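Okay, structure first, notes after.
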Amino acid sequence: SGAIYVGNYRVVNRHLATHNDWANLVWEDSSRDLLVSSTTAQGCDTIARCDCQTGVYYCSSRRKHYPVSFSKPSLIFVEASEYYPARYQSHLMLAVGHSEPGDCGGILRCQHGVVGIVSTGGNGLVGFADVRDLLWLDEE
Ligand SMILES: Cn1nc(C(=O)NCCc2cocn2)c2ccccc2c1=O
Ligand SMILES: [Zn+2]
């Protein structure tokens, strides 16, 4: 699990969104595994606006924060899971590292702020849904 809180927005994995998140929906994209909902309280996170390829992510199945190199966001084939059939997932960044399904929501960050959240895994690679192109998260 995990979320990003920026301004009056909550960013979560689409597959883990709650009924309140759907009732207060702002934007969602199934092909990205992302959902943003509105909040009453202001958040404290900053979204990175950069093209960094190194940062650190939180891995709950290890209780550890790992420094990693990751690929730029791309369209990649992802095998079927408990939440989606096999399909192409867009805006997905990959790194060599450990992850398990319950690690989804773990934040990847660079020196500029939040890069994305854990979304996929397999083949010894952890995939992260990019949020740096969602410029509207910084305003209203
Ligand atoms: C972070 N992580 N997640 C998943 C997963 O089930 N993601 C659900 C969301 C999803 C996106 O595209 C397909 N399913 C997974 C699946 C098998 C093996 C490892 C992992 C893993 O490390
Ligand atoms: Zn950066």
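Within each chain, counting starts at residue 1; across the structure tokens, chains are named A, B, ... in the order shown, with ligands numbered 1 upward in that order.
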10 Å contact set for residue 46 (chain A), only C-alpha atoms, chain neighbours under 2 positions out, as a ChimeraX atom specification: /A:4-7,43-44,48-49,109,112-115,137-138
Test item: residues lying within 6 Å of ligand 2 with only C-alpha atoms and all ligand atoms, as a tab-separated table (two decimals) with C-alpha atoms, in the first residue's frame:
chain	number	residue	atom	x	y	z
A	48	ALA	CA	9.62	15.88	-9.20
A	50	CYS	CA	12.77	16.28	-14.20
A	51	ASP	CA	14.19	13.42	-16.25
A	52	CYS	CA	16.18	11.72	-13.41
A	110	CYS	CA	14.79	11.55	-6.60
A	111	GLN	CA	16.51	14.82	-5.42
A	112	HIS	CA	13.57	16.79	-6.99
Closest contacts (chain A/ligand 1, max 8 Å, only C-alpha atoms and all ligand atoms) as a tab-separated table:
residue	atom	partner	partner_atom_place_in_ligand_line	distance
A:13	CA	ligand 1	9 (C)	7.6
A:15	CA	ligand 1	9 (C)	6.4
A:32	CA	ligand 1	11 (C)	7.9
A:33	CA	ligand 1	11 (C)	6.0
A:78	CA	ligand 1	12 (O)	5.7
A:79	CA	ligand 1	13 (C)	6.5
A:80	CA	ligand 1	13 (C)	5.9
A:81	CA	ligand 1	14 (N)	4.7
A:82	CA	ligand 1	6 (O)	6.0
A:83	CA	ligand 1	14 (N)	5.4
A:84	CA	ligand 1	14 (N)	5.1
A:85	CA	ligand 1	13 (C)	7.1
A:86	CA	ligand 1	13 (C)	7.1
A:87	CA	ligand 1	12 (O)	7.6
A:89	CA	ligand 1	12 (O)	6.6
A:98	CA	ligand 1	22 (O)	7.0
A:99	CA	ligand 1	22 (O)	3.7
A:100	CA	ligand 1	22 (O)	3.4
A:101	CA	ligand 1	3 (N)	3.6
A:102	CA	ligand 1	1 (C)	6.6
A:103	CA	ligand 1	1 (C)	5.1
A:104	CA	ligand 1	1 (C)	4.8
A:118	CA	ligand 1	1 (C)	5.5
A:119	CA	ligand 1	1 (C)	4.9
A:120	CA	ligand 1	3 (N)	3.8
A:121	CA	ligand 1	22 (O)	3.4
A:122	CA	ligand 1	18 (C)	4.8
A:125	CA	ligand 1	22 (O)	7.6
A:126	CA	ligand 1	22 (O)	5.8
A:127	CA	ligand 1	1 (C)	6.7
Export of the given selection (N, CA and C atoms) as an mmCIF file, in the first residue's frame:
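File produced: selection00.cif:
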data_model
loop_
_atom_site.group_PDB
_atom_site.id
_atom_site.type_symbol
_atom_site.label_atom_id
_atom_site.label_comp_id
_atom_site.auth_asym_id
_atom_site.auth_seq_id
_atom_site.Cartn_x
_atom_site.Cartn_y
_atom_site.Cartn_z
ATOM 1 N N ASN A 13 -2.484 3.644 -6.435
ATOM 2 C CA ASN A 13 -2.576 2.673 -7.516
ATOM 3 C C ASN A 13 -4.092 2.528 -7.757
ATOM 4 N N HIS A 15 -5.767 0.026 -8.794
ATOM 5 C CA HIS A 15 -6.218 -1.261 -8.257
ATOM 6 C C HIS A 15 -6.401 -1.273 -6.751
ATOM 7 N N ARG A 32 -2.311 2.895 -16.925
ATOM 8 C CA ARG A 32 -1.179 3.379 -16.110
ATOM 9 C C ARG A 32 -1.214 2.802 -14.684
ATOM 10 N N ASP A 33 -2.329 2.189 -14.284
ATOM 11 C CA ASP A 33 -2.597 1.755 -12.933
ATOM 12 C C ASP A 33 -2.573 2.940 -11.980
ATOM 13 N N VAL A 78 2.971 -6.398 -19.603
ATOM 14 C CA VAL A 78 2.951 -6.874 -18.219
ATOM 15 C C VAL A 78 2.068 -8.083 -18.101
ATOM 16 N N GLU A 79 2.602 -9.195 -17.574
ATOM 17 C CA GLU A 79 1.829 -10.398 -17.420
ATOM 18 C C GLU A 79 0.613 -10.228 -16.499
ATOM 19 N N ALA A 80 -0.390 -11.085 -16.668
ATOM 20 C CA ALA A 80 -1.588 -11.047 -15.835
ATOM 21 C C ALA A 80 -1.277 -11.149 -14.331
ATOM 22 N N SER A 81 -2.047 -10.392 -13.522
ATOM 23 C CA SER A 81 -1.958 -10.399 -12.056
ATOM 24 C C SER A 81 -3.358 -10.664 -11.474
ATOM 25 N N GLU A 82 -3.511 -10.503 -10.154
ATOM 26 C CA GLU A 82 -4.836 -10.637 -9.548
ATOM 27 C C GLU A 82 -5.734 -9.438 -9.876
ATOM 28 N N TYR A 83 -5.172 -8.341 -10.428
ATOM 29 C CA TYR A 83 -5.884 -7.089 -10.632
ATOM 30 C C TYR A 83 -6.108 -6.711 -12.083
ATOM 31 N N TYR A 84 -5.244 -7.195 -12.997
ATOM 32 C CA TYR A 84 -5.380 -6.918 -14.427
ATOM 33 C C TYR A 84 -5.060 -8.160 -15.231
ATOM 34 N N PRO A 85 -5.731 -8.344 -16.386
ATOM 35 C CA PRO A 85 -5.260 -9.382 -17.325
ATOM 36 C C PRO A 85 -3.917 -8.927 -17.954
ATOM 37 N N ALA A 86 -3.285 -9.783 -18.791
ATOM 38 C CA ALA A 86 -2.032 -9.408 -19.449
ATOM 39 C C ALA A 86 -2.339 -8.286 -20.440
ATOM 40 N N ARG A 87 -1.576 -7.218 -20.377
ATOM 41 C CA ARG A 87 -1.815 -6.034 -21.227
ATOM 42 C C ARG A 87 -0.540 -5.191 -21.286
ATOM 43 N N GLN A 89 1.229 -1.848 -20.207
ATOM 44 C CA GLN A 89 1.100 -0.779 -19.212
ATOM 45 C C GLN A 89 1.945 0.402 -19.665
ATOM 46 N N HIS A 98 13.986 -5.850 -5.681
ATOM 47 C CA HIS A 98 12.989 -6.744 -5.133
ATOM 48 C C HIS A 98 11.643 -6.054 -4.959
ATOM 49 N N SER A 99 10.591 -6.737 -5.331
ATOM 50 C CA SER A 99 9.231 -6.318 -5.050
ATOM 51 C C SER A 99 8.296 -7.515 -5.061
ATOM 52 N N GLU A 100 7.190 -7.370 -4.315
ATOM 53 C CA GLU A 100 6.087 -8.299 -4.201
ATOM 54 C C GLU A 100 4.794 -7.516 -4.376
ATOM 55 N N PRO A 101 3.650 -8.166 -4.717
ATOM 56 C CA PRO A 101 2.411 -7.395 -4.966
ATOM 57 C C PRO A 101 2.036 -6.339 -3.903
ATOM 58 N N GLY A 102 2.139 -6.707 -2.633
ATOM 59 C CA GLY A 102 1.834 -5.813 -1.525
ATOM 60 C C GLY A 102 2.751 -4.612 -1.404
ATOM 61 N N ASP A 103 3.845 -4.576 -2.192
ATOM 62 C CA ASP A 103 4.732 -3.429 -2.225
ATOM 63 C C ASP A 103 4.165 -2.294 -3.032
ATOM 64 N N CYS A 104 3.056 -2.509 -3.811
ATOM 65 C CA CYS A 104 2.468 -1.428 -4.616
ATOM 66 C C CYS A 104 2.127 -0.244 -3.724
ATOM 67 N N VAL A 118 5.323 2.226 -6.830
ATOM 68 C CA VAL A 118 5.454 0.828 -7.208
ATOM 69 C C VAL A 118 4.105 0.330 -7.783
ATOM 70 N N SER A 119 4.151 -0.373 -8.919
ATOM 71 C CA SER A 119 2.917 -0.852 -9.568
ATOM 72 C C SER A 119 3.068 -2.297 -10.078
ATOM 73 N N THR A 120 4.262 -2.669 -10.595
ATOM 74 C CA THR A 120 4.429 -3.990 -11.212
ATOM 75 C C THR A 120 5.683 -4.725 -10.704
ATOM 76 N N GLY A 121 5.774 -6.010 -11.020
ATOM 77 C CA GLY A 121 6.923 -6.813 -10.663
ATOM 78 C C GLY A 121 6.991 -8.094 -11.456
ATOM 79 N N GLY A 122 8.176 -8.659 -11.502
ATOM 80 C CA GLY A 122 8.408 -9.888 -12.240
ATOM 81 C C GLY A 122 9.761 -9.856 -12.916
ATOM 82 N N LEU A 125 12.547 -7.489 -11.577
ATOM 83 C CA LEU A 125 12.411 -6.083 -11.905
ATOM 84 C C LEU A 125 11.229 -5.502 -11.165
ATOM 85 N N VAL A 126 11.368 -4.281 -10.681
ATOM 86 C CA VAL A 126 10.257 -3.586 -10.059
ATOM 87 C C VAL A 126 9.848 -2.466 -11.011
ATOM 88 N N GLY A 127 8.536 -2.375 -11.277
ATOM 89 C CA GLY A 127 8.025 -1.321 -12.146
ATOM 90 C C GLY A 127 7.317 -0.259 -11.355
#
Alpha helix (DSSP H) residues, from DSSP on the backbone, in region 3-123 of chain A, as a ChimeraX atom specification: /A:19-23
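Each of A:97, A:128, A:105, A:36 was checked against residue 66 (chain A) using only C-alpha atoms; the smallest atom-to-atom distance is that of A:97.
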Length of the CA of residue 95 (chain A) to CA of residue 37 (chain A) vector [Å]: 27.6 Å
DSSP-assigned strand (DSSP E) among region 40-97 of chain A, expressed as a PyMOL selection string: chain A and resi 40-44+54-59+64-69+74-78+87-96
Could you write out that same residue set with C-alpha atoms as a PDB file, in the first residue's frame?
ATOM      1  CA  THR A  40     -10.153  18.058   2.192  1.00  0.00           C
ATOM      2  CA  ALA A  41      -6.689  18.609   3.773  1.00  0.00           C
ATOM      3  CA  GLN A  42      -3.512  19.908   2.070  1.00  0.00           C
ATOM      4  CA  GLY A  43      -0.735  17.367   1.379  1.00  0.00           C
ATOM      5  CA  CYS A  44       2.982  17.908   1.940  1.00  0.00           C
ATOM      6  CA  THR A  54      18.392   7.420 -10.291  1.00  0.00           C
ATOM      7  CA  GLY A  55      16.595   7.650  -6.946  1.00  0.00           C
ATOM      8  CA  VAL A  56      15.451   5.595  -3.979  1.00  0.00           C
ATOM      9  CA  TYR A  57      12.247   3.501  -3.437  1.00  0.00           C
ATOM     10  CA  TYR A  58      10.546   2.039  -0.366  1.00  0.00           C
ATOM     11  CA  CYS A  59      10.116  -1.774  -0.323  1.00  0.00           C
ATOM     12  CA  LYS A  64      14.098  -1.099   3.323  1.00  0.00           C
ATOM     13  CA  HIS A  65      14.740   1.890   1.044  1.00  0.00           C
ATOM     14  CA  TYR A  66      16.840   0.881  -1.988  1.00  0.00           C
ATOM     15  CA  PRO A  67      18.889   3.216  -4.267  1.00  0.00           C
ATOM     16  CA  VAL A  68      18.242   2.244  -7.901  1.00  0.00           C
ATOM     17  CA  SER A  69      18.805   3.175 -11.511  1.00  0.00           C
ATOM     18  CA  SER A  74       7.680   3.470 -21.528  1.00  0.00           C
ATOM     19  CA  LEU A  75       4.895   1.152 -22.824  1.00  0.00           C
ATOM     20  CA  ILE A  76       5.739  -2.414 -21.606  1.00  0.00           C
ATOM     21  CA  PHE A  77       3.923  -5.771 -21.750  1.00  0.00           C
ATOM     22  CA  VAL A  78       2.951  -6.874 -18.219  1.00  0.00           C
ATOM     23  CA  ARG A  87      -1.815  -6.034 -21.227  1.00  0.00           C
ATOM     24  CA  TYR A  88       0.554  -3.186 -22.141  1.00  0.00           C
ATOM     25  CA  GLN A  89       1.100  -0.779 -19.212  1.00  0.00           C
ATOM     26  CA  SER A  90       2.006   2.792 -20.222  1.00  0.00           C
ATOM     27  CA  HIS A  91       4.324   5.396 -18.448  1.00  0.00           C
ATOM     28  CA  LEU A  92       6.093   2.510 -16.583  1.00  0.00           C
ATOM     29  CA  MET A  93       9.703   2.738 -15.367  1.00  0.00           C
ATOM     30  CA  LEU A  94      11.730  -0.438 -14.490  1.00  0.00           C
ATOM     31  CA  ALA A  95      14.676  -1.119 -12.080  1.00  0.00           C
ATOM     32  CA  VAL A  96      16.518  -4.244 -10.957  1.00  0.00           C
TER      33      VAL A  96
END
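Of the listed residues A:3, A:34, A:47, A:17, the one whose atoms come nearest to residue 129 (chain A) is A:34, with distances taken using only C-alpha atoms.
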Distance in Å - CA of residue 30 (chain A) versus CA of residue 123 (chain A): 22.4 Å
